[PDB]
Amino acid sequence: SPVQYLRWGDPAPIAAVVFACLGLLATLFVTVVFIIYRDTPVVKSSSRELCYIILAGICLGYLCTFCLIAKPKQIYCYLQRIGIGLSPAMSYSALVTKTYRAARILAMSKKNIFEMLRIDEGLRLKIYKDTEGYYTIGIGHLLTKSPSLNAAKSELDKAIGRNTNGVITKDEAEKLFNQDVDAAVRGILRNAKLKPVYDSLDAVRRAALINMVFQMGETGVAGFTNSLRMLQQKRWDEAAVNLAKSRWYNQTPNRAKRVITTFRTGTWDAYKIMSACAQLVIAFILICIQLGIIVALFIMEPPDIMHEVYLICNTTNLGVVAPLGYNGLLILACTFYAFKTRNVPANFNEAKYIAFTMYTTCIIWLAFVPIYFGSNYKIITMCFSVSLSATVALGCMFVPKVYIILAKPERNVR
């Protein structure tokens, strides 16, 4: 009885049980809220089905405390090992599936910009110089400002990760172009004239603005004050009419016609250019791998009480460390794809929060390695550890969305 341990001068059990219960309530609230408001654009935009798996994971994370603070029965040693290994595996298998898909969507998004400017500006697959005289390759990608061609080859090889002999492929030029886009988009957001326009525009019309920036630079695109304001107000037909009067249109009419037409339609029409049930099956597989590890260890080192509210089991270091390792890989993958997609604005900046969640989760899990092994109160540290990691995931991912559903029904709009 955790109440008895409180009476005696030990409040750790009762704390753990309370943390866990507030956890379950909060998860039950968040869940029933997502069911009720499933039709709205803040739940329907993301993967509704993966969230249920993430919430089950969080839920089961809180339920672990009821097998760690338990009566000495055989099955609770079985459920301890299932819960402490499978609850994070449910949350992060679902999450890594979500973040990987965001990353593939981001990659395929950057491919259109690249195809756009391949057609508009060109591409050389072997080293050349710009009109200054500095070594360049692909879509005007700068290598070095050194007169040494070897330096250019040197920095190219580093940039790609093979000996290129100064020659690359379309896909390695794409890779290089994505640095130059990110660079150009940083300049734009540092620039008070361009920043509000880029903010306003959909993905396709941002491609159009980056194109112009790539042709005339930032200070040049800031020239088009009126045209820029027309686009901000989403006045497409009038922005086209105005830009079609420019020195820009009269000096490079072929490229200008295409960029302008793209500002009108918000489509790719002017240029030559990941499932749902898949994510459940992949998430389910990634989770059965963790089950395989736990069931394997149940045969190698069968669960058994050691022999009292702290239920102590025989679980050896390999019983702890094997699932820990796999959970760690899941976390590191999640963090990797999350960070890759951190600035993706889709679904009310879902990506910004997920990145923050994963950064926290890394410091927590890495912290609780020396803490747990260095500790003589392992069942308690395990209790607070699981619940904390689960609260972080619920806190940083689900609260921000439940907030908008409940507090800001007006902003809950596509």
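Quick note: we count residues from 1 along the sequence shown, nothing fancier.
Undergrad: How much of the deposited sequence is absent from the coordinates between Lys158 and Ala159: none, 1 to 3, 4 to 9, or 10 or more residues?
TA: Going from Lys158 to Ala159, the model skips no residues of the deposited sequence.
Undergrad: For the stretch from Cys288 to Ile289, please bin the deposited residues that the model skips: none, 1 to 3, 4 to 9, or 10 or more.
TA: Per the record, no deposited residues are absent between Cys288 and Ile289.
Undergrad: With respect to the recorded C-alpha B factors, which stretch has the higher mean value, 189 to 197 or 88 to 96?
TA: Higher of the two, by average CA B-factor, is 189 to 197.
Undergrad: When the Cα temperature factors in the entry are averaged, is it 145 to 153 or 264 to 272 that ends up higher?
TA: Of 145 to 153 and 264 to 272, the stretch with the higher C-alpha B-factor average is 145 to 153.
Undergrad: Would you mind finding, among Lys73, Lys257, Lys170, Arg118, the residue with the largest C-alpha temperature factor in the entry?
TA: Highest C-alpha B-factor among the listed options: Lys73.
Undergrad: Using the temperature factors in the entry, find which of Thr27, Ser45, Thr357, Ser389 has the highest value at its Cα atom.
TA: If I rank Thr27, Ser45, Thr357, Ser389 by C-alpha B-factor, first place goes to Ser45.
Undergrad: Is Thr361 in the lowest, middle or highest third of its chain when residues are ranked by C-alpha B-factor?
TA: Lowest third.
Undergrad: Among all modelled residues of this chain, ranked by Cα B factor, put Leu63 in the bottom, middle or top third, i.e. lowest, middle or highest.
TA: For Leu63, the deposited C-alpha B-factor lands in the lowest third.
Undergrad: What third of the chain does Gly319 rank in for C-alpha temperature factor, lowest, middle or highest?
TA: Within its chain, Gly319 is a middle-third residue by C-alpha B-factor, going by the deposited values.
Undergrad: Going by the CA temperature factor in the PDB record, which third of the chain does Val402 belong to: lowest, middle or highest?
TA: Middle third, going by the recorded CA B-factors of the chain.
Undergrad: Compare the C-alpha B factor of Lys110 with those of the other modelled residues in its chain, then answer lowest, middle or highest third.
TA: Its C-alpha B-factor belongs to the middle third of this chain's values.
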